[PDB]
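J.: Got final14.cif for you, mmCIF, C-alpha atoms:
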data_final
loop_
_atom_site.group_PDB
_atom_site.id
_atom_site.type_symbol
_atom_site.label_atom_id
_atom_site.label_comp_id
_atom_site.auth_asym_id
_atom_site.auth_seq_id
_atom_site.Cartn_x
_atom_site.Cartn_y
_atom_site.Cartn_z
ATOM 1 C CA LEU Y 634 12.768 -3.722 -29.324
ATOM 2 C CA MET Y 635 9.253 -4.932 -28.531
ATOM 3 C CA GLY Y 636 10.165 -4.874 -24.852
ATOM 4 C CA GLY Y 637 10.849 -7.759 -22.554
ATOM 5 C CA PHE Y 638 13.768 -9.858 -21.365
ATOM 6 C CA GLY Y 639 16.447 -10.556 -23.929
ATOM 7 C CA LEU Y 640 17.555 -14.083 -23.087
ATOM 8 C CA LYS Y 641 20.567 -15.860 -24.537
ATOM 9 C CA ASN Y 642 19.070 -19.250 -23.638
ATOM 10 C CA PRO Y 643 15.304 -18.649 -23.708
ATOM 11 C CA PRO Y 644 12.614 -21.095 -22.559
ATOM 12 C CA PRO Y 645 12.869 -24.013 -24.967
ATOM 13 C CA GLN Y 646 10.282 -24.660 -27.626
ATOM 14 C CA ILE Y 647 7.869 -27.422 -26.657
ATOM 15 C CA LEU Y 648 6.689 -29.076 -29.843
ATOM 16 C CA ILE Y 649 3.715 -31.413 -30.040
ATOM 17 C CA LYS Y 650 2.369 -33.632 -32.827
ATOM 18 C CA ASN Y 651 -0.221 -36.369 -33.256
ATOM 19 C CA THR Y 652 1.446 -39.642 -34.168
ATOM 20 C CA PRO Y 653 0.157 -40.624 -37.636
ATOM 21 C CA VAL Y 654 -2.095 -43.673 -37.426
ATOM 22 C CA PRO Y 655 -2.650 -44.995 -40.966
ATOM 23 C CA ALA Y 656 -5.834 -46.365 -42.460
ATOM 24 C CA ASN Y 657 -6.070 -49.843 -43.989
ATOM 25 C CA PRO Y 658 -3.176 -50.735 -46.302
ATOM 26 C CA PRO Y 659 -3.835 -52.858 -49.398
ATOM 27 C CA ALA Y 660 -3.113 -56.573 -49.482
ATOM 28 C CA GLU Y 661 -0.217 -56.399 -51.933
ATOM 29 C CA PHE Y 662 2.903 -54.537 -50.855
ATOM 30 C CA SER Y 663 3.282 -50.994 -52.175
ATOM 31 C CA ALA Y 664 6.362 -48.794 -52.387
ATOM 32 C CA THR Y 665 4.557 -45.435 -52.166
ATOM 33 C CA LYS Y 666 4.375 -44.154 -48.590
ATOM 34 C CA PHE Y 667 0.714 -43.446 -47.538
ATOM 35 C CA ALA Y 668 -2.099 -41.399 -49.087
ATOM 36 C CA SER Y 669 -4.593 -42.198 -46.317
ATOM 37 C CA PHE Y 670 -4.422 -41.691 -42.555
ATOM 38 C CA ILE Y 671 -7.048 -41.692 -39.841
ATOM 39 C CA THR Y 672 -8.229 -38.134 -39.227
ATOM 40 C CA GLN Y 673 -7.662 -37.409 -35.560
ATOM 41 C CA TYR Y 674 -6.830 -34.663 -33.100
ATOM 42 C CA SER Y 675 -5.847 -34.374 -29.474
ATOM 43 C CA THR Y 676 -6.946 -32.396 -26.462
ATOM 44 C CA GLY Y 677 -5.719 -32.061 -22.920
ATOM 45 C CA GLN Y 678 -4.509 -29.622 -20.322
ATOM 46 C CA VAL Y 679 -1.235 -27.722 -19.945
ATOM 47 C CA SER Y 680 0.227 -26.000 -16.865
ATOM 48 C CA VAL Y 681 2.854 -23.252 -16.934
ATOM 49 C CA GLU Y 682 4.193 -22.042 -13.581
ATOM 50 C CA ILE Y 683 6.674 -19.157 -13.689
ATOM 51 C CA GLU Y 684 8.278 -17.976 -10.467
ATOM 52 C CA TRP Y 685 9.115 -14.272 -10.690
ATOM 53 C CA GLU Y 686 11.518 -12.197 -8.601
ATOM 54 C CA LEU Y 687 10.170 -8.854 -7.462
ATOM 55 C CA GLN Y 688 12.018 -5.653 -6.601
ATOM 56 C CA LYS Y 689 10.242 -4.006 -3.674
ATOM 57 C CA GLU Y 690 10.295 -0.235 -3.746
ATOM 58 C CA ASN Y 691 12.456 1.767 -1.351
ATOM 59 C CA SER Y 692 10.964 5.207 -1.828
ATOM 60 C CA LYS Y 693 10.968 8.256 0.419
ATOM 61 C CA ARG Y 694 8.504 10.163 -1.735
ATOM 62 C CA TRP Y 695 6.069 12.222 0.320
ATOM 63 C CA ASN Y 696 3.014 12.810 -1.880
ATOM 64 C CA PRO Y 697 0.956 9.862 -3.217
ATOM 65 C CA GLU Y 698 1.964 7.916 -6.292
ATOM 66 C CA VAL Y 699 0.004 7.537 -9.511
ATOM 67 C CA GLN Y 700 -1.291 3.979 -9.545
ATOM 68 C CA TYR Y 701 -3.421 1.927 -11.906
ATOM 69 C CA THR Y 702 -7.001 2.216 -10.697
ATOM 70 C CA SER Y 703 -10.277 1.005 -12.129
ATOM 71 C CA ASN Y 704 -12.809 3.625 -13.189
ATOM 72 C CA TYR Y 705 -15.124 4.102 -10.205
ATOM 73 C CA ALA Y 706 -18.434 4.902 -11.903
ATOM 74 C CA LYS Y 707 -21.812 3.395 -12.700
ATOM 75 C CA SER Y 708 -20.575 1.508 -15.752
ATOM 76 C CA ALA Y 709 -22.357 -0.571 -18.355
ATOM 77 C CA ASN Y 710 -19.833 -3.416 -18.203
ATOM 78 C CA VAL Y 711 -16.975 -4.224 -15.842
ATOM 79 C CA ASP Y 712 -13.555 -3.839 -17.460
ATOM 80 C CA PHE Y 713 -11.336 -6.927 -17.959
ATOM 81 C CA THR Y 714 -14.346 -9.244 -17.508
ATOM 82 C CA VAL Y 715 -16.795 -11.281 -19.602
ATOM 83 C CA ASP Y 716 -19.810 -9.913 -21.481
ATOM 84 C CA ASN Y 717 -23.478 -10.823 -21.929
ATOM 85 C CA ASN Y 718 -22.425 -13.823 -24.046
ATOM 86 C CA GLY Y 719 -19.004 -14.621 -22.616
ATOM 87 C CA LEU Y 720 -16.287 -12.767 -24.539
ATOM 88 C CA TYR Y 721 -13.285 -11.787 -22.438
ATOM 89 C CA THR Y 722 -12.411 -8.281 -23.623
ATOM 90 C CA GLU Y 723 -9.275 -6.538 -22.430
ATOM 91 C CA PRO Y 724 -10.283 -2.869 -22.756
ATOM 92 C CA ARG Y 725 -6.941 -1.075 -22.643
ATOM 93 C CA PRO Y 726 -3.211 -1.836 -22.655
ATOM 94 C CA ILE Y 727 -1.708 -1.662 -19.176
ATOM 95 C CA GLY Y 728 1.960 -0.722 -18.964
ATOM 96 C CA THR Y 729 4.111 -1.138 -15.902
ATOM 97 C CA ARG Y 730 5.662 2.301 -15.287
ATOM 98 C CA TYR Y 731 3.588 3.905 -12.555
ATOM 99 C CA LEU Y 732 6.059 4.354 -9.709
ATOM 100 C CA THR Y 733 8.613 7.119 -9.328
ATOM 101 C CA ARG Y 734 12.284 6.596 -8.618
ATOM 102 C CA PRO Y 735 14.428 9.766 -8.757
ATOM 103 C CA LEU Y 736 16.891 9.756 -11.620
ATOM 104 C CA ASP O 219 22.761 14.414 29.969
ATOM 105 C CA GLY O 220 23.202 18.160 29.483
ATOM 106 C CA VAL O 221 23.973 20.936 29.418
ATOM 107 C CA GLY O 222 26.451 20.562 26.570
ATOM 108 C CA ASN O 223 24.913 17.301 25.368
ATOM 109 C CA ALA O 224 21.660 16.523 23.594
ATOM 110 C CA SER O 225 19.285 14.397 25.654
ATOM 111 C CA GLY O 226 17.801 12.674 22.606
ATOM 112 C CA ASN O 227 17.871 12.534 18.836
ATOM 113 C CA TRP O 228 15.332 13.416 16.164
ATOM 114 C CA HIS O 229 13.512 10.247 15.096
ATOM 115 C CA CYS O 230 10.822 10.602 12.458
ATOM 116 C CA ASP O 231 10.920 7.227 10.708
ATOM 117 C CA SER O 232 8.014 5.213 9.365
ATOM 118 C CA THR O 233 8.994 1.575 8.890
ATOM 119 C CA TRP O 234 6.816 -0.997 7.146
ATOM 120 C CA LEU O 235 7.358 -4.552 8.321
ATOM 121 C CA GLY O 236 5.245 -7.518 7.289
ATOM 122 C CA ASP O 237 2.267 -7.390 9.636
ATOM 123 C CA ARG O 238 3.112 -4.223 11.580
ATOM 124 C CA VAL O 239 4.076 -0.613 10.882
ATOM 125 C CA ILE O 240 6.049 1.602 13.272
ATOM 126 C CA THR O 241 5.333 5.303 12.790
ATOM 127 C CA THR O 242 7.672 7.535 14.774
ATOM 128 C CA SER O 243 7.036 11.267 14.832
ATOM 129 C CA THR O 244 8.977 14.027 16.570
ATOM 130 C CA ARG O 245 7.824 17.624 16.934
ATOM 131 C CA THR O 246 9.186 20.780 18.538
ATOM 132 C CA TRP O 247 6.915 22.190 21.238
ATOM 133 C CA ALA O 248 6.620 25.422 23.207
ATOM 134 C CA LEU O 249 4.875 25.577 26.580
ATOM 135 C CA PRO O 250 3.829 28.986 27.926
ATOM 136 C CA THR O 251 2.666 29.934 31.422
ATOM 137 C CA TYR O 252 -1.100 29.608 31.738
ATOM 138 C CA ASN O 253 -3.266 31.585 34.204
ATOM 139 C CA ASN O 254 -0.002 32.907 35.715
ATOM 140 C CA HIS O 255 0.106 29.628 37.685
ATOM 141 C CA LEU O 256 -3.433 29.634 39.060
ATOM 142 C CA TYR O 257 -6.316 27.170 39.317
ATOM 143 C CA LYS O 258 -8.896 29.696 38.172
ATOM 144 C CA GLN O 259 -12.381 28.255 38.004
ATOM 145 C CA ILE O 260 -14.380 28.688 34.824
ATOM 146 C CA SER O 261 -18.152 28.834 34.637
ATOM 147 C CA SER O 262 -20.834 30.370 32.465
ATOM 148 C CA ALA O 263 -22.029 33.041 34.896
ATOM 149 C CA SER O 264 -19.383 35.542 33.783
ATOM 150 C CA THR O 265 -20.407 35.541 30.121
ATOM 151 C CA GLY O 266 -24.010 34.569 30.715
ATOM 152 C CA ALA O 267 -24.522 31.866 28.096
ATOM 153 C CA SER O 268 -27.651 29.999 27.032
ATOM 154 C CA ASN O 269 -29.552 27.400 29.039
ATOM 155 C CA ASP O 270 -27.966 24.473 27.202
ATOM 156 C CA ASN O 271 -24.558 26.191 27.138
ATOM 157 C CA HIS O 272 -24.018 26.567 30.882
ATOM 158 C CA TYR O 273 -20.917 24.927 32.271
ATOM 159 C CA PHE O 274 -18.784 24.900 35.394
ATOM 160 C CA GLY O 275 -15.197 23.839 35.645
ATOM 161 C CA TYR O 276 -11.601 24.620 36.395
ATOM 162 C CA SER O 277 -8.656 25.797 34.308
ATOM 163 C CA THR O 278 -5.212 24.661 35.419
ATOM 164 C CA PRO O 279 -1.795 25.963 34.353
ATOM 165 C CA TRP O 280 -0.929 22.464 33.188
ATOM 166 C CA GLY O 281 -0.632 21.617 29.537
ATOM 167 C CA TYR O 282 -1.226 18.330 27.764
ATOM 168 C CA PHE O 283 0.094 16.490 24.733
ATOM 169 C CA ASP O 284 -2.655 15.202 22.441
ATOM 170 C CA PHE O 285 -1.302 12.985 19.683
ATOM 171 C CA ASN O 286 -4.889 11.911 18.943
ATOM 172 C CA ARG O 287 -5.182 12.534 15.200
ATOM 173 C CA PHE O 288 -4.017 10.168 12.487
ATOM 174 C CA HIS O 289 -1.789 12.624 10.619
ATOM 175 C CA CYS O 290 0.340 13.050 13.729
ATOM 176 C CA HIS O 291 1.815 9.642 12.767
ATOM 177 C CA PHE O 292 1.098 8.939 9.088
ATOM 178 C CA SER O 293 2.457 11.004 6.240
ATOM 179 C CA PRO O 294 -0.011 11.140 3.304
ATOM 180 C CA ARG O 295 2.118 8.609 1.430
ATOM 181 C CA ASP O 296 2.110 6.273 4.444
ATOM 182 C CA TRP O 297 -1.641 6.686 4.731
ATOM 183 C CA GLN O 298 -2.008 5.875 1.032
ATOM 184 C CA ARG O 299 0.365 2.942 1.481
ATOM 185 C CA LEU O 300 -1.840 1.729 4.328
ATOM 186 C CA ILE O 301 -5.382 2.173 3.034
ATOM 187 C CA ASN O 302 -4.763 0.684 -0.411
ATOM 188 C CA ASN O 303 -3.593 -2.764 0.649
ATOM 189 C CA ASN O 304 -4.939 -3.433 4.161
ATOM 190 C CA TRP O 305 -8.272 -4.767 5.344
ATOM 191 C CA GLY O 306 -7.592 -3.426 8.808
ATOM 192 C CA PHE O 307 -5.248 -1.876 11.327
ATOM 193 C CA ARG O 308 -5.026 -1.474 15.079
ATOM 194 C CA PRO O 309 -2.285 -0.171 17.368
ATOM 195 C CA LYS O 310 -0.212 -2.481 19.521
ATOM 196 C CA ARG O 311 1.904 -0.184 21.674
ATOM 197 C CA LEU O 312 3.163 3.378 21.884
ATOM 198 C CA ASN O 313 6.388 4.868 23.179
ATOM 199 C CA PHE O 314 6.478 8.491 24.311
ATOM 200 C CA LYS O 315 9.669 10.498 24.788
ATOM 201 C CA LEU O 316 10.236 14.126 25.732
ATOM 202 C CA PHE O 317 13.744 15.505 25.405
ATOM 203 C CA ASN O 318 15.991 18.533 24.769
ATOM 204 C CA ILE O 319 14.146 20.792 27.194
ATOM 205 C CA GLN O 320 15.122 24.455 27.031
ATOM 206 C CA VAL O 321 13.610 26.767 29.608
ATOM 207 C CA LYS O 322 13.847 30.314 28.336
#
Step by step, read the file and then write its structure as structure tokens.

T.:
Amino acid sequence: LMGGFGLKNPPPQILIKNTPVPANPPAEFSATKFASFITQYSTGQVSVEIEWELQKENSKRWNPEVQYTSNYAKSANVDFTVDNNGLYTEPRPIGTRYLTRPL
Amino acid sequence: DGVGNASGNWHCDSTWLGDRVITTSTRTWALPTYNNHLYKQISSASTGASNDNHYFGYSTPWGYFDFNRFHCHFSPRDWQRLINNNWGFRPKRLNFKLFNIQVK
């Protein structure tokens, strides 16, 4: 209901976790698990590469279509770009229904 | 091969391949008789035009086909389909056909 592709078998969840590295244990053996670990975190890169399958239009419409254009004007800031101090701001929600197939 | 047979069909396609676009266009024409079949000369001495508007020439009874405008080939959708995603275009070859002549 939020839109999208209802998948029976969706892309699987990729779960990630830092392996717990403990701090120094005491010299006598203890039964209680651990109240002290080494504080750590990870970083790294991650690539996602989705191949899509397009449906090219087969229209015999005469007049021009309505297509998503940028606002051609002397603007203060370029839309869908960074700012004076680097904040990527998406200005408006873009749908996908711009072309016209007859019903 | 007439008379009871069309000598050609109406083709008015516009096909978009990868790196080339073939724009067929077919029109119905009508050729009258010009000058009543005479090579009458034309000049400026009859009207008496200005000093920069003097000319001299001839006026045949022949008639020409001039498919030398862009909308003779591109519908406004095909022009929009061209100019929005193309950094350039040039023609490769043309193919001219003239059929179904009726002389009334």

J.: Apply the PyMOL selection byres ((chain Y) within 12 of (chain O)) to the file shown and report the selected residues as a list in words.

T.: residues 689, 690, 691, 692, 693, 694, 695, 696, 697, 698, 699, 700, 701 and 702 of chain Y

J.: Evaluate the PyMOL selection byres ((chain O and resi 220) around 12) here and jot the selected residues down as number ranges by chain.

T.: O: 219, 221-226, 317-320

J.: Report the centre and edge lengths, in Å to one decimal, of an axis-aligned box enclosing every atom of region 657-674 of chain Y listed in the file, padded by 3 Å on each side, as JSON.

T.:
{"center_x": -0.9, "center_y": -45.6, "center_z": -42.7, "size_x": 20.6, "size_y": 27.9, "size_z": 25.3}

J.: Could you tell me how far CA of residue 705 (chain Y) lies from CA of residue 721 (chain Y), in Å and to one decimal?

T.: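 So the answer is 20.1 Å.
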
J.: Measure the distance from CA of residue 259 (chain O) to CA of residue 277 (chain O) in Å and round it to one decimal.

T.: 5.8 Å

J.: Using only C-alpha atoms, find the one residue out of O:310, O:258, O:322, O:245 that sits nearest to residue 230 (chain O).

T.: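 Looking only at the distances to residue 230 (chain O), the closest residue turns out to be O:245.
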
J.: One number please: CA of residue 279 (chain O) to CA of residue 248 (chain O), in Å, one decimal.

T.: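 Computed distance, CA of residue 279 (chain O) to CA of residue 248 (chain O), equals 14.0 Å.
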
J.: For residue 309 (chain O), find every residue with an atom within 12 Å (counting all atoms listed in the file), except residues of its own chain fewer than 6 positions away, and show them as a list in words.

T.: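 The neighbour list is residues 237, 238, 239, 240, 241, 288 and 291 of chain O.
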
J.: Within 12 Å of residue 285 (chain O), counting all atoms listed in the file, which residues qualify if same-chain residues fewer than 2 places away don't, as a ChimeraX atom specification?

T.: /O:242-245,282-283,287-292,312-314

J.: Could those residues be written to a file, using C-alpha atoms, as a CSV table (one decimal), keeping the file's coordinate frame?

T.:
chain,number,residue,atom,x,y,z
O,242,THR,CA,7.7,7.5,14.8
O,243,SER,CA,7.0,11.3,14.8
O,244,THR,CA,9.0,14.0,16.6
O,245,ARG,CA,7.8,17.6,16.9
O,282,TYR,CA,-1.2,18.3,27.8
O,283,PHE,CA,0.1,16.5,24.7
O,287,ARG,CA,-5.2,12.5,15.2
O,288,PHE,CA,-4.0,10.2,12.5
O,289,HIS,CA,-1.8,12.6,10.6
O,290,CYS,CA,0.3,13.0,13.7
O,291,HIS,CA,1.8,9.6,12.8
O,292,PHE,CA,1.1,8.9,9.1
O,312,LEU,CA,3.2,3.4,21.9
O,313,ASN,CA,6.4,4.9,23.2
O,314,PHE,CA,6.5,8.5,24.3

J.: Measuring between all atoms listed in the file, which one of O:234, O:273, O:247, O:280 shows the shortest distance to residue 260 (chain O)?

T.: O:273

J.: Written as a PDB file with C-alpha atoms, in the frame of the given file, which residues does the PyMOL selection byres ((chain Y and resi 668) around 10) give for the file shown?

T.:
ATOM      1  CA  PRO Y 655      -2.650 -44.995 -40.966  1.00  0.00           C
ATOM      2  CA  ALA Y 656      -5.834 -46.365 -42.460  1.00  0.00           C
ATOM      3  CA  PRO Y 658      -3.176 -50.735 -46.302  1.00  0.00           C
ATOM      4  CA  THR Y 665       4.557 -45.435 -52.166  1.00  0.00           C
ATOM      5  CA  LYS Y 666       4.375 -44.154 -48.590  1.00  0.00           C
ATOM      6  CA  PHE Y 667       0.714 -43.446 -47.538  1.00  0.00           C
ATOM      7  CA  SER Y 669      -4.593 -42.198 -46.317  1.00  0.00           C
ATOM      8  CA  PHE Y 670      -4.422 -41.691 -42.555  1.00  0.00           C
TER       9      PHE Y 670
END
